[PDB]
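Working notes for the structure below.
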Amino acid sequence: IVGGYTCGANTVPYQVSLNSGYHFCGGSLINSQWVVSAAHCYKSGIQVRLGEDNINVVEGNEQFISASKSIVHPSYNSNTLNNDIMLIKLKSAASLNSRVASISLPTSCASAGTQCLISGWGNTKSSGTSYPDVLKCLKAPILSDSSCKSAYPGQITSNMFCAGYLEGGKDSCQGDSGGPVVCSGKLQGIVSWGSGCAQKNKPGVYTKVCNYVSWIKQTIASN
Ligand SMILES: NC(=O)c1cccnc1
Ligand SMILES: [Ca+2]
């Protein structure tokens, strides 16, 4: 996250870190045994880390649980990033409390104008690299589809939305991928892609979660 703020320990209780010996992507806990993240984050051998603030220090509220199954969306296209969403089932159910909690799926799509919270342990610089050890947060509005499409001609599908600032300076970035975009207490987006980070006229692009609720529910019910 570029241009954000330190969230505070366990203030974003649904945020997870995907670990393969190191943090590589974010995710969101949607129930005691399932996590949603971006398909481009797919890897074998994932350990899901819940209850994290500092990812390099054991602070006392962590739960580390191995994934038992990963399901990439059936129509994921790695070249266009269309349908950038995947589900991860945990080997065992997480213990749910004030600091480890699920986030609700939306029943309606959010509108441009709506303010959302984006979070992650990704790069904090637009030029150069600095990875934080503690969770960073950013409040950003959903942008109109027209401004989104104008910023990225020929690249925005019906399964994506833009959020952020056209002036720049504030955005998600590498390492935040797979993480949550939460608006009005619902999961509306997944950190997906963006041309550099926090660049003028190049806002972040997020997977539209409201288009996938039926898929998510059906998949969970049978796996
Ligand atoms: N610019 C961005 O928001 C972004 C997000 C994820 C990966 N790369 C860039
Ligand atoms: Ca920790």
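Just so you know, the sequence shown maps onto residues 16 to 34, 37 to 67, 69 to 125, 127 to 130, 132 to 183, 185 to 189, 191 to 208, 213 to 221, 223 to 224, 226 to 251 in PDB author numbering. Where is the CB? At the ideal position from N, CA and C, for every residue including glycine.
Give a yes or no on whether the C-beta atoms belonging to residue 262 and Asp198 are separated by under 9 Å. Coverage of the chain is limited to positions 16 through 251, which leaves residue 262 absent and any answer about it impossible.
Roughly how many whole angstroms lie between the Cα atoms of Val154 and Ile73? Taking the straight line joining both Cα atoms gives about 7 Å.
Just the C-alpha distance for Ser130 and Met180, rounded to the nearest angstrom, thanks. In this structure, the straight-line span from the alpha carbon of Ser130 to that of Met180 is close to 13 Å.
Looking at C-alpha atoms only, which residue of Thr177, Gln81, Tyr186 is the closest neighbour of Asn95? If we check each option's Cα against that of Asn95, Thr177 comes out closest.
Suppose contacts are defined by Cβ-Cβ distances below 9 Å. Is residue 15 in contact with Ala55 by that definition? With the chain represented from 16 up to 251, any question about residue 15 goes unanswered, as that position is not in the structure.
Which of helix, strand or coil DSSP assigns to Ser242: If DSSP states are grouped into helix, strand and coil, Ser242 belongs with the helices.
Presumed contact (8 Å Cβ cut-off) between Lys228 and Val17, rounded CB distance: Not confirmed; about 13 Å, so no contact.
Within the continuous beta strand (DSSP E) that includes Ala85, where are the two ends? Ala85 -> beta strand (DSSP E) spans 81 to 90.
Of all the options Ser37, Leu187, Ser147, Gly148, which has the alpha carbon lying nearest to the alpha carbon of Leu163? Between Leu163 and the set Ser37, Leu187, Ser147, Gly148, the nearest pair of CA atoms involves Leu187.
Three-state class that DSSP yields for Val237 in the structure shown: DSSP places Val237 in helix when its eight states are reduced to three.
Would you say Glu188 touches ligand 2, meaning its beta carbon is less than 8 Å from a heavy atom? Because no heavy atom of ligand 2 lies under 8 Å away, the Cβ of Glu188 does not count as near it: no.
Where the beta strand (DSSP E) through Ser167 begins and ends: Taken as a continuous stretch (DSSP letters only), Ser167 belongs to no beta strand (DSSP E), being part of the alpha helix (DSSP H) at 165 to 171.
Please classify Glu70 as buried or exposed, where buried requires at least 16 other C-beta atoms within 10 Å of its C-beta. With 16 or more Cβ atoms within 10 Å of its Cβ, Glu70 is classed as buried.
Tell me the residue span of the beta strand (DSSP E) that contains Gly44. 40 to 48 is the span of the beta strand (DSSP E), which, as asked, contains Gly44.
Verify the contact flag: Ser199, CB atom, against every heavy atom of ligand 1, threshold strictly below 8 Å. It does: the Cβ of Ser199 is within 8 Å (strictly closer) of some heavy atom of ligand 1.
If I measure Cβ to Cβ from residue 326 and keep anything under 8 Å in the same chain, skipping five residues before and after, which residues do I get? There is no way to answer for residue 326, as the model of the chain reaches only from 16 to 251.
I'd like to confirm something about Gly215: is its beta-carbon nearer than 8 Å to some heavy atom of ligand 1, or not? Checking the Cβ of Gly215 against ligand 1 gives no.
Below 8 Å, is the gap between the Cβ of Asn72 and the nearest heavy atom of ligand 2? Because some heavy atom of ligand 2 lies under 8 Å away, the Cβ of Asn72 counts as near it: yes.
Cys157 (DSSP reduced to helix, strand or coil): Strand at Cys157.
In angstroms with no decimal places, state the Cα-to-Cα distance between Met104 and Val53. If you take the alpha carbons of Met104 and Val53, they lie about 6 Å apart.
Own chain, CB closer than 7 Å to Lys230, minus 5 neighbours either side, in chain order: Closer than 7 Å at the Cβ level, and outside the excluded window around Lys230, lie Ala171, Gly220, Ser221, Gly223.
Just checking my contact of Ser37 with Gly43 at CB under 8 Å: how many whole Å lie between their CB atoms? The pair is not a contact, with the Cβ atoms about 13 Å apart (cut-off 8 Å).
Beta-bridge pairing of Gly215 - partner residues as DSSP gives them: According to DSSP, residue pairing for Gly215 in a beta bridge involves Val203, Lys236.
In three-state terms, what does DSSP make of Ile138? Correct three-state label for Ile138: strand.
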